[PDB]
Each structure stands twice: as C-alpha cells, then as structure tokens.
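One letter stands for each residue in the lines below.
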2 protein chains.
Amino acid sequence: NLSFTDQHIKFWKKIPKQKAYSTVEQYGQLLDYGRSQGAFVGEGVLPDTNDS
Amino acid sequence: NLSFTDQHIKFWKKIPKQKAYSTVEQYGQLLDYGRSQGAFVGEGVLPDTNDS
C-alpha cells in the first residue's frame, strides 16, 4: 500500500458524536442576561424592569 | 449559555468591605506636618511657630 490508512484520520475521531432523531435538529441559546439600562434608582423608588 | 458566569467577577470579590451605619460616612486625614520653613534658628532666638 502506497496510500494513507485509518491512523491518518484525526478530526473525525475527535469530534463528539450524538444521535439524531430527525432531519431537523433544534437547540436553544442564551445570549444576554438583560438590557444595559442603568442600575441606580434613588431612595424608595421602584426600579425599572428588564428582560433577557 | 453564551455569556459570562460567576467566576468572571474579580474586582467585586477582592476589594475589602466594611459595614455602614448611615447614609453619610465621615473620616479624617492628615495632609502634612507643617509648612516649609527654616529649621535653623540661631543661639538664643525663639523659633517660629508652626502647625500641621
């Protein structure tokens, strides 16, 4: 044999493998913990709301 | 998760902390030990007054 063999494959044996159950695979990401809108409010004042 | 975690907070966990008993906290400072003058007086001469 003058060509490569099994031991020359590196990335295919290193990437983790997971089982698929459909032709479309979905996943969810978290991007932010909230909007940057200022944290100081004052004495006895209800602070504003925020959303991630 | 695509954002930071608790381990990325460094300064808040390092600065020393003390309890506060009021909305106004007071302290005192010593600026200098006296204004620059001449320290050599001469024989039998009353030295000048100085203050910090």
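Method of determination for the deposited model, per the PDB record: cryo-EM, at 3.0 Å resolution.

**Student:** With reference to specific residues and values, describe the overall build of chain A.
**Tutor:** Tallying secondary structure elements over chain A gives zero helices and zero strands in all. Overall, the C-alpha framework of chain A stretches about 80 × 25 × 10 Å when taken along its three principal axes. By residue count, 0% of the 52 residues in chain A fall in the buried class. Taken as a whole, chain A presents about 6,000 Å² of accessible surface, with 55% of it coming from carbon and sulfur. Taken as two groups, the 6 positive and 6 negative side-chain charges of chain A have centres that lie 25 Å from each other.

**Student:** So what's going on with the interface of chain A and chain B? Residues and values would help.
**Tutor:** The accessible area lost on association of the parts is a frequent measure of interface size. On the side of chain B, four residues touch chain A, which itself brings four residues to the contact. Sorting the residues of chain A by area buried against chain B places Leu30, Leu31 and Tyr33 of chain A first, and these three jointly supply 84% of that buried surface. Joining chain A to chain B, the criterion identifies zero salt bridges. Of the residues that constitute the side of chain A that touches chain B, the class distribution is three nonpolar, one polar and no charged.

**Student:** Give me the lowdown on the packing of aromatic side chains, citing residues and values where you can.
**Tutor:** Across all of its chains, the model carries one aromatic pair over all chains by this definition. Between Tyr33 of chain A and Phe4 of chain B, the aromatic rings sit 5.3 Å apart at their centres with planes inclined by 70°, giving edge-to-face as the arrangement. Residue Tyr33 of chain A is classed as partly exposed on the basis of its relative accessible area, which comes to 45%. The partly exposed category is assigned to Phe4 of chain B, whose relative accessible area is 48%. Sitting over the face of the ring of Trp12 of chain A, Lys17 of chain A holds its NZ or CZ atom 4.5 Å from the ring centroid.

**Student:** Quick rundown of the pattern of salt bridges? Include the residues and the values.
**Tutor:** All names here are of chain B. One pass over the full model with this rule turns up two salt bridges over all chains. With a closest N to O distance of 3.5 Å, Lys13 and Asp6 form a salt bridge. In this structure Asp6 comes out as exposed when scored by relative accessible area, which is 56%. Taking the shortest distance from any N to any O, the salt bridge between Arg35 and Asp51 comes out at 2.8 Å. You can call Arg35 partly exposed: its relative accessible area is 45%.

Parameters at a glance
- Each chain has its residues counted from 1 in the order its sequence is written, and this count may differ from the entry's own numbering; any residue lacking coordinates is left out.
- Here chains are named by letter from A upward and ligands by number from 1 upward, in the order in which they appear as written.
- This view covers only part of a larger assembly, and the values given relate to that part.
- Side-chain figures throughout are based on the complete set of non-hydrogen atoms in the structure, without hydrogens or water.
- Segments assigned H or I by DSSP are reported as helices when at least four residues long, segments assigned E as strands when at least two residues long, and all are numbered from the N terminus.
- We call a residue buried when its accessible area falls under 20% of the maximum for its residue type, exposed when it is over 50%, and partly exposed in between, using a 1.4 Å probe and counting protein chains only.
- Here the accessible surface of atoms and residues is derived via Shrake-Rupley with a 1.4 Å probe, and residues count as covered only by protein chains that are part of the display.
- Neither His nor the chain termini are counted; the positive set is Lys and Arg, and the negative set is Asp and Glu.
- Every charge is mapped onto a representative atom, which is NZ of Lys, CZ of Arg, CG of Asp or CD of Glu.
- Residues are treated as being in contact if the distance between any of their heavy atoms lies within 4.5 Å.
- Here's the idea: put two parts together, see how much 1.4 Å probe accessible area each one loses, and the total over both is what we call buried area.
- We count a salt bridge whenever a side-chain nitrogen from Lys or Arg sits within 4 Å of a carboxyl oxygen from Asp or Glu.
- Polar here means any residue outside two lists: the nonpolar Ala, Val, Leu, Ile, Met, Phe, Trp, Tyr, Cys and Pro, and the charged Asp, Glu, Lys and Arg; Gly therefore counts as polar.
- Stacked, edge-to-face and tilted are the three classes for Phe, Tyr and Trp ring pairs, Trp counted by its six-membered ring, which pair at centre distances within 6.5 Å; planes under 30 degrees apart are stacked, over 60 edge-to-face, the rest tilted.
- Criterion for a charge above a ring: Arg CZ or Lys NZ at most 6 Å from the ring centre, at most 35 degrees from the ring normal.

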